[PDB]
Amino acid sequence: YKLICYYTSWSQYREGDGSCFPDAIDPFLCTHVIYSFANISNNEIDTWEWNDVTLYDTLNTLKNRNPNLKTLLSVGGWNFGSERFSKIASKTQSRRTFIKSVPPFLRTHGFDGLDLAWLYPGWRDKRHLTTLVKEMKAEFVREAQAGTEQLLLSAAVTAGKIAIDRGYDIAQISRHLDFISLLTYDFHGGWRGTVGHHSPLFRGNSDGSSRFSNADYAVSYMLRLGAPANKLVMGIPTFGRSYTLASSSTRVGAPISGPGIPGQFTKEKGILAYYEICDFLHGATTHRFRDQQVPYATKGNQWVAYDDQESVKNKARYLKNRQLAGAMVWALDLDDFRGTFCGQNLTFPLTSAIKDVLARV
């Protein structure tokens, strides 16, 4: 099985114990580690952070201890303008300059491949995405004639039916990609005025109006569109989403006024790291959506949807039962990476739980 784990460059700036450098990563935990995110300047791949050159180097020394570990560099992301990707991909001269700049950059800094995180192509972009993937893969194939191990190409793909239909020719891009990570953890957010879970495994016979907003539907739909099971990797989150309750109601369908309050270390409205949730749970009431098979917790006017060891092991069993290529984790720096917040002296408890399931029959 593959275990694909993202590390995010901005996690280095978090204070005290929340600070996470590539250094903290156990080299034997994941099969592939992806560094997020690279920039595009002058139509060429480039660094984002001031000290990226150093961090690349720290990440790639993990390979001195585990020579089988693979590392990828992810380009794009949320803070990258979708329109900036659109402009690059739709003009042949810009697209060509970009593609040619990638292999030398990856080689200089020690990466084994490139992850595309264009979030998200519009209906006008779908054709250009296909072209970008095709031509990117062709160039990696050509570069490997120089006797080096061929660069890997992956893509992060949204799990909502409408985003898929609008932006992605799954049947075509599947043939050129080494793996596709399905982002099965954005099924709810502050954008609706109610409480709900962003990563449910199943629909659960109760659910109103969205048979499609669950991991099971997204996986079955990708399989139907022509993504081969052995290229499909199911995304499992290591963070939670928080909401401020608008009333004293805390069950399904409850009102909300907005995001939850920022966490001590992540400092971002609406999300919490798992190591912050471990702390939040002291004094919280815990519940579990039995149909959806995911927990949530509530304390005061704060309502948190999250994943724990049981829910993550369940998702891992599901994906094995479906014979998928593996699991993808967003993100190593949001799991309890020091191992000192969540009880047990177990570093990476969520990621480890996934690995345990994937390593059994």
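All residue numbers are counted from 1 along the displayed sequence.
Can you tell me whether 92-100 has a higher mean C-alpha B factor than 226-234 in this record, or the other way round?
That would be 92-100.
Where do the C-alpha atoms have the higher mean temperature factor in this entry, in 172-180 or in 280-288?
Going by the record's values, the stretch with the higher mean is 280-288.
Per the entry, which of 84, 109, 198, 134 tops the list for Cα B factor?
The C-alpha B-factor peaks, among 84, 109, 198, 134, at 84.
Could you tell me which one of 154, 130, 79, 220 shows the highest CA temperature factor in the PDB record?
It is 79.
Give the position of residue 25 by CA B-factor within its chain, expressed as the lowest, middle or highest third.
Its C-alpha B-factor belongs to the middle third of this chain's values.
By the recorded C-alpha temperature factor, relative to the other modelled residues in its chain, which third is residue 44 in?
Its C-alpha B-factor, which the entry lists for residue 44, ranks in the middle third among residues of this chain.
By the record's CA B-factor, is residue 64 among the lowest, middle or highest third of residues in the chain?
Its C-alpha B-factor, which the entry lists for residue 64, ranks in the highest third among residues of this chain.
Please rank the C-alpha B-factors of the chain's modelled residues and tell me whether residue 242 sits in the lowest, middle or highest third.
Residue 242: CA B-factor falls in the middle third of its chain.
Within this chain's modelled residues, let me know which third the CA B factor of residue 256 belongs to: lowest, middle or highest.
Answer is highest: the recorded C-alpha B-factor places it there.
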